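Only one chain comes next, encoded as structure tokens, the form deposited in one PDB entry.
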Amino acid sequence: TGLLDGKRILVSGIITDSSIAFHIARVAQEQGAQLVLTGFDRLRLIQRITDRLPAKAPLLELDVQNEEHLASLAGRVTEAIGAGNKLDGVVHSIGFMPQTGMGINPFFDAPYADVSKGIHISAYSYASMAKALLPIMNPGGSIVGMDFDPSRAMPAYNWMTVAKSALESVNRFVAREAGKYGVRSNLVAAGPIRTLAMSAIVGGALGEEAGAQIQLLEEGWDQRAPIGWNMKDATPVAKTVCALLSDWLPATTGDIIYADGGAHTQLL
């Protein structure tokens, strides 16, 4: 009955139940998908969080900066899904940028070591995961990553904006590689969502009026979006990622779908 009936899908990036990846996983499961999950660092917490999903799925450790984790990933996925089976979908929902690279911290004062780490995790890892997983993906498959529209500069997002610009470019080359396997590669550019990264990384770097200034972001985004925007609701974004993982967008690759309430199409 489900949009993703029978499909085996790897989903990275769950840390809490407000994670975009959590809702992607939840919707994908409501739609009949069989999941393999990956988690970073706080595996015990992640285990407890994933207990809240509609169906239990194996959790595999993946630090995208750890070459050993990347080299063993496909083997460990095959152990979880069974020999002779392959993935139909992969979700990259991963990002990091040091505090120096965000908020009210002067753009010029972020050392390259920090920026590099951020670009490693948030951009290059999209290609790493594709490298690791394409060899175990079925024709008609779909790789999806999460974006935040970086076409224009803005307060606060700072070097993460630069990392997203890189990610968009990486996705276009991932499409070229993926196409050899009959696999699509796309990004979903989401509007703002109240996640752990929002409050701890972005909010943490904004200093004092962070609470009110995020409320400004919500109000302004919902005003610009012709159909409105709810920062408390990741479901519209999760649904969009599932549309891309499905058979219903079979001719879209190297591309970006905007799940932002149409805010990026309006100036005011």
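Residues that one form lacks are left out of the comparison. Rigid core here is just the name for the largest C-alpha set that superposes within 1.5 Å across the two forms. Counting begins at 1, following the sequence as shown.
One more form of this protein should be noted, the form deposited in another entry, which is absent from this view; the next part is about it.
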Scan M198, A156, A175, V115 for the one whose CA shifts by 2 Å or more between this form and the one not shown after superposing the rigid core, and name it. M198
For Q213, is the CA shift between this form and the one not shown at least 2 Å following rigid-core superposition? yes
With a C-alpha distance change of 3 Å or more, do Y258 and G203 lie closer or farther in the other form? farther
Just to spell it out: taking the C-alpha atom of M154 and the C-alpha atom of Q213, is that distance smaller or larger in the other form than in the structure shown here, given it changes by 3 Å or more? closer
Only counting residues present in both forms, give the runs of 3 or more in a row whose C-alpha shift is 2 Å or more between this form and the one not shown, core aligned. 196-218
